[PDB]
Each structure stands twice: as C-alpha cells, then as structure tokens.
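Engineer: Structure for the following, please:
(chains A, B, C, D and E, ligands or ions: 3)
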Amino acid sequence: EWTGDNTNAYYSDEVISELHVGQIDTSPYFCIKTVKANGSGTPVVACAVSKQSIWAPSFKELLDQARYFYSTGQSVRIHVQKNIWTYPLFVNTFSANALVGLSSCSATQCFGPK
Amino acid sequence: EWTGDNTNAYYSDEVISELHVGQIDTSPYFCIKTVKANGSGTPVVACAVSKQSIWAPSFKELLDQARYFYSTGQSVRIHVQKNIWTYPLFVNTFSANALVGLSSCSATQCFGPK
Amino acid sequence: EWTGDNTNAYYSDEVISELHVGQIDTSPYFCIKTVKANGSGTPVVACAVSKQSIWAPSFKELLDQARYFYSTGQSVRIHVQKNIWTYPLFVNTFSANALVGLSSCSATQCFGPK
Amino acid sequence: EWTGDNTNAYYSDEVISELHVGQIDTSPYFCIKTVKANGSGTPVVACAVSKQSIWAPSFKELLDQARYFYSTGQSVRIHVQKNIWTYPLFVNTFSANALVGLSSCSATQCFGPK
Amino acid sequence: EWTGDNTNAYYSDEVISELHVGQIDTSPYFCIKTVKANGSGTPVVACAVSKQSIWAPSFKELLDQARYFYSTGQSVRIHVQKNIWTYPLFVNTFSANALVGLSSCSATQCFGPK
Ligand SMILES: CC(=O)N[C@@H]1[C@@H](O)[C@H](O[C@@H]2O[C@H](CO[C@]3(C(=O)O)C[C@H](O)[C@@H](NC(C)=O)[C@H]([C@H](O)[C@H](O)CO)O3)[C@H](O)[C@H](O)[C@H]2O)[C@@H](CO)O[C@H]1O
Ligand SMILES: CC(=O)N[C@@H]1[C@@H](O)[C@H](O[C@@H]2O[C@H](CO[C@]3(C(=O)O)C[C@H](O)[C@@H](NC(C)=O)[C@H]([C@H](O)[C@H](O)CO)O3)[C@H](O)[C@H](O)[C@H]2O)[C@@H](CO)O[C@H]1O
Ligand SMILES: CC(=O)N[C@@H]1[C@@H](O)[C@H](O[C@@H]2O[C@H](CO[C@]3(C(=O)O)C[C@H](O)[C@@H](NC(C)=O)[C@H]([C@H](O)[C@H](O)CO)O3)[C@H](O)[C@H](O)[C@H]2O)[C@@H](CO)O[C@H]1O
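Structural biologist: Residues are numbered from 1 along each chain as shown, chains lettered A, B, ... in the order given. Ligands and ions are numbered 1, 2, ... in the order given. This is the structure:
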C-alpha cells in the first residue's frame, strides 16, 4: 500500500481548520477538518486511529505533521482513504476517511503523489 | 469506550488557563484548568494519569494536545469523564474528572462530538 | 507518593531563570534554578535524574514542562522533595532537591497542591 | 557507513521548500524538496523511509531536523545517497535519493562533510 | 562519570552557531559548533553519537537541549570530553569532542559545574 495509490483520494489547496484528539476502543485518535484556502467547496474530514487500519504505523508521524500544518495554516494537499472507519456515531461526527498523507502546496504545485 | 459517549461530559468555548504536571503512585500525571473564553461561569478542572483509568492509552496525545492549546490560548471544547479519580487530597486539589478529549472551536461550532 | 504530599516543599510565584542538562552515573539529568518574580528570597535549585529516585517515571514530563515554563518566563509553583541526591560534588554545584512537580500561577493562586 | 562517505552526494546552500509525509509498505516516510538559495540550478528531492535502507535508524532525527529547517527557511547542505528507492511510481513522484544528513550553513561554509 | 568531572572541559559564554545531523555505523548522531558570544576566540565543535561512548544515554536529551539553545541564540556553557571519537574522516570534519552537557549563562555566571 502507498499514500499515492490511485485507490486513495486527495484534495489540494486546503487549509487545516480544526483539530480534535480523543480515544476510541482503546485507541488514541485524531481528526482534522480542512477547507479550501480560497473558501470554495465542501470541508474534508479525515481521522487517524492508533493501532487501527493498515495506516496505523504512520499515526504519530501524521499527528505531528497535522499539528505542524495546523499551526502554520499553510495550503496543503490532504490524502485519504475512503470508507475505513465503521463505528457509526464516530463516522457521523467525523467521517469514515482514514488520513493517509499530507503534502505542502507552496510553489507551483503540491509536493506529493498526483 | 469513546470520547463522544453521552455518559461523558463536555464544555464548549473554553480556554485552557492553567497547567500542572506531577506524579502520583509511580504515574506521571497532568491537570488542566479551563474557563469560558468570555470569562463567565465556573472553571473546569480535569486530569490524566499515565497508567490509570480506561483513558490511559491517550495520556501522551492528550498531554501534547493540552500543551499546544494552552500555548495558543484558542477556544476549545473539553471532554471529561466525571468521578474517575479517588485519591482524596488529589480530588480536593484538582477534581475527579478524567480528561478524555480536546476539540478546537470556531465562533459557530466545535469540531468534536456533542 | 504524590507531588502534593505534605512532606514535600513548594515555592510559589517563581520564574525558572536557568536550565542545565547533563549526565551522572549513566543517567541523563536536568536542573533548574528559580527566583521569586518580585526578587525577594533566595533562589531555589532542583534536579530530576533519569531512572533515579521514586520520581524517575516523571523525568521526561517535568523536563518538557520545565523547558516550556523556562521559555515563557511565566510565574510557577515549584514542588520539590528535599535531601534526595547524595552525590557530594553534584549537590554542591546544584542541590539535593528532587523536582517533583510544576504548576502555573495566576494573580491570586497557583494551580497545584499546597 | 557514514553520512560523509564520498559515495554519497551533497548540495550546499539549499532551502527546504516542500515537505510531504505518508506511508508505504507499512512504513511511515517523508520527502523534502530543496532549491538553491539564489534560485539557480534545479531542485533536489530526497526521502527517508522509517523501515527501509541502512539509514532507517536516523529517520526520526532527520524528520525533526527537516521540519525545523523547513520552518526557518535557512540555507542548508542536504546529504543524500542516490539510487536507493525502487518503487517506480514513488521514484517518479519524488526521487530515488535517500536522505542521509542535514547541515546548517554559515555565511561562507556549511557545517558538515564535503 | 559526571558532566562536571574536572577531567572534562567546558567553555563559557558561547552561542551554538551551527548544527548537523547524520548517521554513522548504524547510529544517529549530531554535532554542534559554538562561538564566543562576544566574537573572540576559537570555535568549539562537539558531537554526540546515539549508540557510542559512555555518554550515549543522554543523546536525546542533549539533542533536544542543543536544538533549544540553537533556536534561541542565548549564551551557554558547553561541556565536552576530549579525544572520544576516533574515525579519522569524522574527526577531521568535526572533532573528537563528545558533548556531555549544556548550561544556560547569565551575564555574571553559568548555571553548571565549573
Ligand atoms: C480530477 C477531477 O476529478 N476533475 C478535474 C479537475 O480536478 C481539474 O481542474 C483542476 O482541479 C484541481 C484540483 O484537482 C484535484 C485536487 O484537489 O488536487 C484532483 C483530485 O484528484 C480531486 N479529488 C477527488 C476525490 O476527486 C480534487 C477534488 O475534485 C477537489 O479538490 C474538490 O474540491 O481536485 C485544481 O483545482 C485546479 O486549479 C483545477 O484546474 C481539470 C483538469 O485540469 O479537469 C477536471 O475534470
Ligand atoms: C564537472 C564538475 O565537477 N563541476 C564542479 C563545479 O561546477 C563546482 O563549482 C563550485 O560548486 C560549489 C558547490 O560545491 C558543491 C556543493 O554544493 O557543495 C559540491 C558538491 O559535491 C556538488 N554535489 C554533487 C556533484 O552531487 C554540488 C553540485 O555539483 C553543484 O555545485 C550545486 O548544484 O556543488 C560552489 O557553488 C562554488 O561556488 C562553485 O565554484 C564544484 C562542485 O563540485 O567543483 C566542480 O567539481
Ligand atoms: C591560556 C589560558 O588558559 N588562559 C586562561 C584564561 O583564558 C582564563 O581567563 C578567564 O577565562 C574565563 C573563562 O574561563 C573558562 C571558561 O570558558 O569558563 C574556563 C575553562 O576551564 C576554560 N576551558 C578549557 C581551558 O578547556 C575556558 C577556555 O579557556 C576559554 O573559554 C577559551 O576561550 O575558559 C573568562 O573568559 C574570563 O574573562 C577570563 O578572565 C583563566 C582561567 O582559565 O586564566 C588562564 O588560565
């Protein structure tokens, strides 16, 4: 598996606008909300859950990087895999998207799988 | 268990106003005090104890997130579970509330369960 | 044991004015020097030593917390246990106090045991 | 092996201009893009993969250092080992360069092997 | 062993002016360069290697503290042990000094062994 698999989805020119940390079924987790930097479109919500899903190994790296990009407010590309979380109240509050990568979008293009 | 269980309690539009770190019964712990962003009402005190309670797995994530939100002073929703800690002098000093989640808040909503 | 045990000592409204990191007898350690925000009294010195004393579990907290309060210069309550370190040259340079807790302060109180 | 081996390659006076975090084959990874501080030449891309290559042990140290230099915009020397990564879609997105060191640069000389 | 042993060497009123991270013989390492705050004298270079020397246990604490004092530019006392590293190309690039301690310095004194 790879962040850049064509079976994943991504959204460019986004800003991380909200951050939540909690625990579910023995696992610390976090969720982020992102919105287009220019104010268009619909928010993207994605979560990472420790020790859950194939993306578990990168939980700490993604939490650290989400915090970093949240603090700068810079434009980013957010990479997700859809339909991963199944806990129904959790999905309704947040989403079923697993967070699988984060890329800066400084220069003339976003720096990540395209 | 989940941060968002309705048997937990939460308080919206708060700011983390105080932070304490210590040790009890061989466990590092920390506590936070929050107040309404507008200054009204009564403070909320909540603690996390590293190897105690069902929320022990999230100790480091919550410590790191509390420190971040304390440093920015931004508005948050604090999620707690009541009546968890029972060390008598500890409860007098702080509270019996376990910290179980932290959500960033905009002017109109908070990014977390309600 | 507890940070708040009445057999420990504490000093309120102090500023962490100096910070030192080293190693002794296989253990990383750090020490801090604190002074009253108003300049009265005499400075307090306390150290935490990795894998040494009953307070060893909280070494990495405390170190991270001391660094933060050192960086802001804010007024804190420092909690110590006296007469813990016995290495004579070390005590002469620093002190025998073990650092056991750190609490932020407001204009009227500090957020910690007293 | 050593960062400074003459079988590695290095580029002086570069600014870290992009950062990406993801996962591949159960391993967190990150990539950076750097450009000459004066704008000349072509960008350097290098990645570190936490579970892969002889450089795996330094993954966290390099990620933390890359994040710091990215945040300051200071000029650095980037040390790489060429032709390490082999997944074609990964190499085409990023590069085959393994990141093996990062050095600050004085106004006249970079602080690392050359 | 102790940072403050008189068989170690120290240098007061220095500023950490350069920072390098790399890997050697499966071990992450870092090096710093320091110069007198007042611009006089000869620079001091010292390194820490995660898996090597009697000072290995303090690698992470010294890395974090070196990064902190590097970021603030404040004046420090650097404590080293001479003639530790032996790989000739490494020593020629950097030095044989092992980093064994870092102390903050006021105008009058430094908070560390002397
Ligand atoms: C690829 C596609 O579905 N539609 C094409 C447009 O995307 C494209 O117009 C450009 O769109 C750019 C944004 O492209 C992405 C992105 O954010 O990187 C590509 C993503 O694959 C896509 N993600 C998903 C799940 O579909 C994503 C998403 O649709 C939006 O982000 C949601 O708001 O868009 C960018 O905005 C360019 O400025 C814009 O020109 C063109 C190709 O040139 O044709 C469309 O069919
Ligand atoms: C064919 C050839 O060998 N050409 C070289 C010169 O073009 C070049 O000129 C000097 O370059 C200096 C910078 O030196 C490095 C550096 O960045 O530190 C040395 C690196 O080994 C090299 N990296 C490689 C080959 O992978 C790197 C790179 O080649 C470019 O210079 C940077 O994009 O340059 C410095 O800028 C001087 O001002 C300049 O005169 C040097 C560099 O090797 O010597 C010739 O070999
Ligand atoms: C040739 C010689 O050794 N001269 C000595 C003087 O440098 C010195 O004068 C005072 O030095 C003060 C700084 O003292 C230290 C320091 O940095 O804390 C003491 C250290 O032990 C020494 N470290 C060594 C030798 O490894 C260190 C070092 O020499 C300098 O930092 C290098 O620049 O100096 C301070 O600068 C005073 O302003 C000055 O009066 C004294 C004591 O060393 O007499 C001579 O021995």
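
Engineer: all contacts plus neighbour counts: C-alpha atoms, from now on.
Structural biologist: Noted.

Engineer: and the longest helix for chain A?
Structural biologist: helix A:59-72 (DSSP state H).

Engineer: Could you export stretch A:91-106 as CSV, CA atoms only?
Structural biologist: What follows is stretch A:91-106, C-alpha atoms only, in CSV (Å, rounded to 0.1, in the frame of the first residue of the first chain):
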residue,chain,number,x,y,z
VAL,A,91,-18.5,8.5,11.3
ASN,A,92,-21.5,10.7,11.8
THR,A,93,-19.5,13.1,14.0
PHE,A,94,-16.3,13.0,11.8
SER,A,95,-16.1,10.7,8.7
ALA,A,96,-15.1,7.3,7.5
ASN,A,97,-12.0,8.7,5.8
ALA,A,98,-8.6,7.5,7.0
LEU,A,99,-5.9,10.2,6.8
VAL,A,100,-3.0,8.7,4.8
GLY,A,101,-0.8,11.6,3.9
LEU,A,102,-0.1,15.4,4.0
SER,A,103,1.8,17.4,1.4
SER,A,104,2.8,21.1,1.3
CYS,A,105,1.5,23.2,-1.6
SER,A,106,3.9,26.1,-1.6
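
Engineer: Tell me how far residue A:74 lies from ligand 2.
Structural biologist: 28 Å (Cα to the nearest ligand atom, to the nearest Å).

Engineer: what residues does chain A put near chain B?
Structural biologist: By Cα under 8 Å from any Cα of the partner chain, the residues of chain A that approach chain B are A:18-28, A:33, A:90, A:93-94.

Engineer: now, which of those lie within strands?
Structural biologist: Within the residues of chain A next to chain B, residues falling in strands by DSSP state E are A:18, A:19, A:20, A:21, A:22, A:23, A:24, A:27, A:28, A:33.

Engineer: end to end, how far does stretch A:99-113 reach?
Structural biologist: Stretch A:99-113 stretches 14 Å from its first residue to its last (Cα to Cα, to the nearest Å).

Engineer: Any residue of it touching chain D?
Structural biologist: Yes. Counting by Cα under 8 Å from any Cα, chain D has neighbours in stretch A:99-113: A:100, A:101, A:102, A:103, A:104, A:105, A:106, A:107, A:111, A:112, A:113.

Engineer: Quick check: residue A:101 is in a strand.
Structural biologist: Yes. Under DSSP: H, G, I helix; E, B strand; the rest coil, residue A:101 sits within a strand.

Engineer: Just give me the residue right at the centre of chain A.
Structural biologist: residue A:99 (3.6 Å; Cα atoms, centre = their mean).

Engineer: what's the neighbour count on the residue of chain A found nearest chain E?
Structural biologist: In chain A, the residue that lies nearest chain E is residue A:64 (16.4 Å; Cα to the nearest Cα). Residue A:64 has 14 neighbours, counted by other Cα atoms under 10 Å in any protein chain shown.

Engineer: do residue A:11 as well
Structural biologist: Other residues within reach of residue A:11, judged by other Cα under 10 Å, total 15.

Engineer: Mind checking what secondary structure it has?
Structural biologist: Taking three-state DSSP, the label given to residue A:11 is strand.

Engineer: Let me see the contact set for residue A:33.
Structural biologist: A:16, A:17, A:18, A:19, A:43, A:44, A:45, A:46, B:111 (Cα atoms under 8 Å, 6 or more residues apart in numbering or on different chains).

Engineer: one more time with 10 Å
Structural biologist: Neighbour list for residue A:33: A:14-20, A:43-47, A:70, A:94-95, B:111 [criterion: Cα atoms under 10 Å, 6 or more residues apart in numbering or on different chains].

Engineer: could you measure it against ligand 3, distance?
Structural biologist: Counting by Cα to the nearest ligand atom, the gap from residue A:33 to ligand 3 is 52 Å.

Engineer: so what's that residue bridging to?
Structural biologist: Beta-bridge pairing for residue A:33 (DSSP bridges): residue A:18, residue A:45.

Engineer: Of the contacts of residue A:33, which pair is most distant in space?
Structural biologist: A:70 and A:95 (18.7 Å; Cα to Cα).
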